[PDB]
Structures are given as C-alpha cells and as structure tokens.
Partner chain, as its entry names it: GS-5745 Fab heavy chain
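Shown below, as structure tokens, is a lone chain in the form solved without the partner chain; questions about how it binds or moves come after it.
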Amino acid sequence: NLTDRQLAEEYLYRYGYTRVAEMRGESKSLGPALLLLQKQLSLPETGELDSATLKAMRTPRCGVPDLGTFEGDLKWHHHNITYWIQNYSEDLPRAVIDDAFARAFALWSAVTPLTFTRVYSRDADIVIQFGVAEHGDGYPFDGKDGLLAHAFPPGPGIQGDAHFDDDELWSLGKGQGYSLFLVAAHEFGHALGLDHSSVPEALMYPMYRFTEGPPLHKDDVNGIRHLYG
C-alpha cells in the first residue's frame, strides 16, 4: 500500500490543501500544506507529518474537499425540499434506510425554514444514491473506508444530491459499520449549502465521529442561520 508520505500527499492533494499552498508559492515541500490542514482540522499547528496529523489523515471522512465550479449562489430558493431515494444498499432493510434519512432531515428541519418531503421522481431536489468506484459523477469512491460519502451544494440537477459509498458497511454505527444516520445528516448539511467546520465536535466536521448523543453543535445551527434568513 501507500507510504505514510504518499497517503499524506494524496490527502493534502485530494482535499485541496496542495492547491492552496501552490497559490502561496510553497508547494516544494509538505510543511505549508500540513499547517493549512492542521488549522482546518484544529490539530496542533506543527507543520510536521506528526502522529496527530497521520492519525487524522487515516481517519474515515467525507469526500467533499475542505478548500475549494457549480451554478447559482449555493442555497435553495424554495421552502419545500424534495428527496428521492434513487437506490438502496443491501446492508440494511429499506425501512431502516428510509428512516435513517428521515431522521437526518428532521435534524435540520427543526433549525432551518426548510421542509423535507420524500418523493419518488427523478426531479427531486436531493437525489440520494448508493454507488461504488466511478458511479456516474466522475468523483469516484475509493473502496472500503477513506471517503464515506459526498454531496453537492444546492442548485439544479446533481447539485443538492447526496451519494454514499456502498463499499462501506452501512449500519446505525452500533457494532460494525458507519452510522448511515450520522453520515446522511453531515452530507445533507452540504445539500443545504454548509461547508466543513473546524470544530471537531461539530456534525459538519469532515471526519466521521460515532455518537449516540444529539449530533447538531452550535456551529452547525449557526452555519445554517448564516445561510437562511
């Protein structure tokens, strides 16, 4: 497999840190990219490929980049957001999957002027899809672990849609597998127009953190408030 050095390089590149360090003239060596990463994930800012940074880079996370072309202003311009569960993972019963997504939407519904209504139609605002490797959007998944899912900011077509890597074991996060409820709640955050948070305890923190407690943090609620009047 990849050397620690190579895993680091791929991570800094994939999540947009390499590009930002290039724009500041300092791509020659990893130090500057690592500091942007340590800042962005609230790690001690050593600028070293240290134990906390390598730990972080090995942590399963969202496939959405942390730093940086879509159409429109990346918020919804209607109250009633529709979602269509285009397909299913075989990892869970369909009713449990449907309920995991309903629960992810009820989380945001309480703190936004938006409503979420399940439909069965191609034209839903938020199309939910399970897929593996290349799955039709040219942002291919990476097999088991690493990237768990991604989503697209509000707007037309693929915009607002949420995809889940079916090379992961989907569960409710108890015993084996990733909580589909917690990953969906995070990705639906992007589907409403939220960026990653730097607050480790926040839902919109990019790394997967299993919890049984209520997942929204002040920072998530406030991010939504700074988006929707």
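Residue numbers count along the first chain shown, from 1.
Counting only other entries where the flanking residues are modelled, do a third or more lack residue 39? Comparison shows residue 39 kept in all of the other entries.
Where both flanking residues are modelled in the other PDB entries compared, is residue 27 itself missing in a third or more? That residue is missing from at least a third of the other compared entries.
What number of residues from the deposited sequence go unmodelled in the gap from residue 68 to residue 69, classed as none, 1 to 3, 4 to 9, or 10 or more? Per the deposited record, the segment joining residue 68 and residue 69 lacks coordinates for 1 to 3 residues.
Averaging CA B factors per stretch from the PDB record, which one is higher: 157-165 or 181-189? Higher mean C-alpha B-factor in the PDB entry: 157-165.
For the C-alpha atoms alone, is the average B factor greater in 215-223 or in 17-25, going by the entry? On average, C-alpha B-factors are higher across 17-25.
Would you mind checking which of 51, 38, 197, 176 has the top Cα temperature factor in the PDB entry? Max CA B-factor in the entry, restricted to 51, 38, 197, 176: 176.
For the C-alpha B-factor as written in the entry, point me to the maximum among 133, 100, 149, 106. Checking the PDB record, the top C-alpha B-factor among 133, 100, 149, 106 is at 133.
C-alpha B factor of residue 63, ranked within the chain: lowest, middle or highest third? Answer is lowest: the recorded C-alpha B-factor places it there.
Relative to the other modelled residues of the same chain, rank the CA B-factor of residue 124 and answer lowest, middle or highest third. It belongs to the highest third of the chain when residues are ordered by C-alpha B-factor.
Residue 31 - Cα temperature factor, lowest/middle/highest third of chain: For residue 31, the deposited C-alpha B-factor lands in the highest third.
Report the third (lowest, middle or highest) to which the CA temperature factor of residue 111 belongs, ranking only the modelled residues of the same chain. Middle third - that is where residue 111 ends up once the chain's C-alpha B-factors are sorted.
This protein has a second form, the form deposited with the partner chain bound, left out of what is shown; the following refers to that one.
Partner contact for residue 122 in the deposited complex: the partner chain, 4.5 angstroms, heavy atom: Within the cut-off, so yes.
Answer for residue 187 alone: is it within 4.5 Å of the partner chain in the deposited complex, judged on heavy atom distances? No, residue 187 is distant from the partner.
Report whether the minimum heavy atom distance between residue 161 and the partner chain in the deposited complex is within 4.5 Å. Result yes; residue 161 sits at the interface with the partner chain in the deposited complex.
Contact flag, residue 136 vs the partner chain in the deposited complex, heavy atom cut 4.5 Å: Because a heavy atom of residue 136 falls inside 4.5 Å of the partner chain in the deposited complex, the answer is yes.
Residues 69, 84 and 129 are flagged as a possible site; in the deposited complex, is every one of them within 4.5 Å of the partner chain by some non-hydrogen atom? Yes: 69, 84 and 129 each sit within 4.5 Å of the partner chain in the deposited complex.
Counting non-hydrogen atoms within 4.5 angstroms of the partner chain in the deposited complex, say which of 93, 113, 143, 156 makes the cut. Comparing distances to the partner chain in the deposited complex, the residue within 4.5 Å is 156.
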